Every structure is written in C-alpha cells, then in structure tokens.
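Heads up: the structure comes next, in structure tokens.
Protein chains: 2
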Amino acid sequence: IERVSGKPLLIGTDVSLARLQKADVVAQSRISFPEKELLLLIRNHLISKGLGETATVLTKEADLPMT
Amino acid sequence: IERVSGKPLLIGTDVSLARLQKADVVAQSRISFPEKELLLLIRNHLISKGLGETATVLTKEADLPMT
Numbered sequence: 813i814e815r816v817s818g819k820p821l822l823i824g825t826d827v828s829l830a831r832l833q834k835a836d837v838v839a840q841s842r843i844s845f846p847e848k849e850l851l852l853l854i855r856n857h858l859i860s861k862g863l864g865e866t867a868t869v870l871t872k873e874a875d876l877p878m879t
Numbered sequence: 813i814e815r816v817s818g819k820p821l822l823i824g825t826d827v828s829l830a831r832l833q834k835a836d837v838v839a840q841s842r843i844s845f846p847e848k849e850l851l852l853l854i855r856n857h858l859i860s861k862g863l864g865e866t867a868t869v870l871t872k873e874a875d876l877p878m879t
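In structure tokens:
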C-alpha cells in the first residue's frame, strides 16, 4: 500500500488509501501564523494563573488591546 | 454502531469498534500538568522572536533556571 501511494516512512496509521493522500496534503502543507494572536494568549494566561504583575509590563514590547 | 458501544455524540470518525473504545478512554481522561514547564516555554519564545527585554523581568514572578 505504501508503494502505490505517496510513500509514508513506515508509520502505521489510517490504512485506507483515500485517507492516505489526505495525509499527503495535511502533513506537507506550509502553515504560517501571525505572532500577534499568540502574544495575547501569553498575557491571558499570566493574569489567570495568579501572577499578573507583568501584564502592564507587556505594554512596552508590543500593543495592549485588552486590559 | 453507536448503540452497542460507548455513545459518541454523532461524530463521524474512526468507524472501527476497537478504535471506538480507545476514543472512550483518551477523550475522557483527566489530563493535568505542572505550570513550571509552560513558563519556560513562554520565555524561550520571547528571546527568539526579537523582544527579549522581559526575560530578565521574569526573574521576579518565578524562578529562572536557564539564562
């Protein structure tokens, strides 16, 4: 099944063949993302876990849309 | 197949039945994690993405094992 399809490196998963060339595209895609969506996730984690005395410090490095 | 097994809420995935009670355990498990492994992942991301002038600021909130 590996030979007549897109050659996975002997990983045993999703042995159907229509589900094997789905795994050709989803794996080799080029995912990129903006950094701004992640920096708000950092600040939303610090305030919730007790140590929120650097949320005001993060005004300097980048923007602060929410308080 | 839903009725003789652990009743997923009509989500069409992994239609084999041995692969259906694997999904009973992996989903309903109680995953917990220490916060310390995540706070080093925050600091290792800030230094790499150009804005590393709060890595020394993170000495105050928690420990700084690596520079």
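First to last, the protein sequences are chains C and A. Okay, so the first sequence: first residue is 813 according to PDB author numbering, each after it adds one. Okay, so the second sequence: first residue is 813 according to PDB author numbering, each after it adds one. Cβ atoms here follow ideal geometry from the backbone N, Cα and C, with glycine treated the same way.
- prompt: Taking only beta-carbon atoms, is residue 874 (chain C) less than 8 Å away from chain A?
  reply: As a first step, residue 874 (chain C) is located in the first sequence; it is residue number 62 there, counting from the start. Taking Cβ atoms only, chain A reaches closer than 8 Å to residue 874 (chain C), which makes this a yes.
- prompt: On the three-state DSSP scale, how would you describe residue 826 (chain C)?
  reply: Walking along the first sequence from the start, residue 826 (chain C) turns up at place 14. Of the three classes helix, strand and coil, the one that applies to residue 826 (chain C) here is coil, per DSSP.
Meets three-Cβ-pair contact criterion under 8 Å: the stretch 859-877 of chain A and the stretch 861-874 of chain C: yes
message: Taking 8 Å as the threshold (beta carbon to beta carbon), is residue 838 (chain A) in contact with chain C?
response: The sequence position of residue 838 (chain A) within the second sequence is 26, counting from 1. No, residue 838 (chain A) lies away from the interface with chain C (no Cβ there is under 8 Å from its Cβ).
query: Are residue 874 (chain C) and residue 853 (chain C) closer than 8 Å when you measure CB to CB?
result: Here the question's residue 874 (chain C) lines up with position 62 in the first sequence. Here the question's residue 853 (chain C) lines up with position 41 in the first sequence. For residue 874 (chain C) and residue 853 (chain C), no; Cβs fall outside 8 Å.
query: Just to confirm, are residue 826 (chain A) and residue 839 (chain A) a CB contact at a threshold of 8 Å?
result: Looking up residue 826 (chain A) in the second sequence gives position 14. Looking up residue 839 (chain A) in the second sequence gives position 27. For residue 826 (chain A) and residue 839 (chain A), no; Cβs fall outside 8 Å.
- request: Count the other C-beta atoms from every protein chain shown that fall within 10 angstroms of the C-beta of residue 858 (chain C), then say buried if there are 16 or more, exposed otherwise.
  value: Taking the first sequence and counting its residues from 1, one reaches residue 858 (chain C) at position 46. Label assigned to residue 858 (chain C): buried.
8 Å Cβ cutoff, residue 863 (chain C) in contact with chain A: As a first step, residue 863 (chain C) is located in the first sequence; it is residue number 51 there, counting from the start. It does: the Cβ of residue 863 (chain C) has a partner Cβ on chain A nearer than 8 Å.
- request: Indicate whether at least one CB of chain C lies closer than 8 Å to the CB of residue 871 (chain A).
  value: Residue 871 (chain A) sits at position 59 when you count from the first residue of the second sequence. Taking Cβ atoms only, chain C never reaches closer than 8 Å to residue 871 (chain A), which makes this a no.
query: Name the chain A residues that come within less than 7 Å of residue 854 (chain C), Cβ to Cβ?
result: Translated into positions along the first sequence, residue 854 (chain C) becomes position 42. The contacting residues are 854.
message: Going by C-alpha to C-alpha distance, which of C:833, C:824, C:877 sits closest to residue 816 (chain C)?
response: As a working note, residue 816 (chain C) is residue 4 in the first sequence. For residue 816 (chain C), the nearest C-alpha among the options comes from C:833.
- request: Would you identify the three-state DSSP class for residue 836 (chain C), choosing helix, strand or coil?
  value: Translated into positions along the first sequence, residue 836 (chain C) becomes position 24. Looking at residue 836 (chain C) - three-state DSSP - the assignment turns out to be helix.
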